[PDB]
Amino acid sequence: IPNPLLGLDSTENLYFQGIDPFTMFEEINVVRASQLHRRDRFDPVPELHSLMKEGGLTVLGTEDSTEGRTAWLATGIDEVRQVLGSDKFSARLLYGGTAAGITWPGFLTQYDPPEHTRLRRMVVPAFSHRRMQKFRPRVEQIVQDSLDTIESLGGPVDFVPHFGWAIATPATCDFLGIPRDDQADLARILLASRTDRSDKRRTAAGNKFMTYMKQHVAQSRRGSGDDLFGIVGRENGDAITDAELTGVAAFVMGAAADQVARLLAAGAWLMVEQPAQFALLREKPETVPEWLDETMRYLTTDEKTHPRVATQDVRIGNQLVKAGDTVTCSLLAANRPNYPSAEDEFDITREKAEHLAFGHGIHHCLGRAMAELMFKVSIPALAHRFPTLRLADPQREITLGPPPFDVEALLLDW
């Protein structure tokens, strides 16, 4: 029971007869974690900076009960690696108890070993570095086409649709063997499923996407294509279900496409804020071999991991994480430990890398090679194409939406 006589926070104050107290505990902690991972331009917000000073693991929130659950945030590099690498944390127990089945087939984030292990191993060959080498000429074409479109239009151009999404959409679709003719409509359907203010219309759009994808999976899984479905289907036969394949494909075209569009937009923004450094990349790329790792570290466009649930009492740093507690990891805090300082500032010439932008442990980014391929093609190509790239209006702040790192618009000229 919140006490609205004492405080002003709307989220904290929500109460009505018959409200679920546990649902409320989980939801306010998600909101708290989210608030902490907004950004101040490229930087952590003061609240996260303050929290980082407290120690490597702090209390996000606690349940009203005697011997109730605690939600923790890990911010120290040591604590984050320890949590994410430990077999004493479950991902699946976040979504239900032991006896609960899988909710979203193919949503790897939701699986624990041994089934996490098997399903990931089944799909891994499609995401390999070798496979990304093969995919590279297509990505190069996608990027040059996007740049041609931008240049043809004339400045100013919004790089969110014309750079982030113009690359992410065809790249993800092509990876899944989606015919060119279908792509614009699917992207439109996905927009409705991600943004429509009506939850009813949001679900109808999601349903429309998932049924297209189920059909596409059935058509493609026994075929001879180099798409994800052909690869995984030919290799695995009936060991992978249509539902599982559909989930993986949907993730790639939905959540993951959004993640890469956001990363590319954040990259283009950094380029216009740090043009002398990116001039070094354009003109002498061999002298800055760690540029990409440093960019990932600085940007950390996925600020935090999904909460993990402790399956037994476990020591994390100083603290005792009790069975049933959750720990959320701040990749942002892990990658920017020295914020603010000269050493934390973006430095394209840095050695040794860091970093944890793609997570850690068994759940670490399956799409790392694909994401890096996209970035490593896109950013240098942008630099060569528009050496004079700049903000159309240098006085206007970039508007950031809710995490993860969400550039809403990026109006650039050259």
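Throughout, we count residues from 1 along the sequence that is shown.
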Would you mind comparing 339-347 and 298-306 for me and telling me which has the higher average C-alpha temperature factor in the entry?
-> 339-347
State which stretch shows the higher mean Cα B factor in the entry: 128-136 or 106-114.
-> 128-136
Can you tell me which of 280, 263, 143, 252 has the highest Cα temperature factor in the record?
-> 280
Kindly indicate the residue among 239, 321, 147, 187 with the greatest C-alpha B-factor in the PDB record.
-> 321
Select lowest, middle or highest to describe the third in which the CA B-factor of residue 383 falls within its chain in this entry.
-> middle
Quick one: classify residue 121 as lowest, middle or highest third of the chain based on its Cα B-factor.
-> middle
Third of chain Cα B-factors occupied by residue 152 | highest
Entry-reported Cα temperature factor of residue 269, expressed as the chain third it lands in = lowest
Quick one: classify residue 5 as lowest, middle or highest third of the chain based on its Cα B-factor.
-> highest
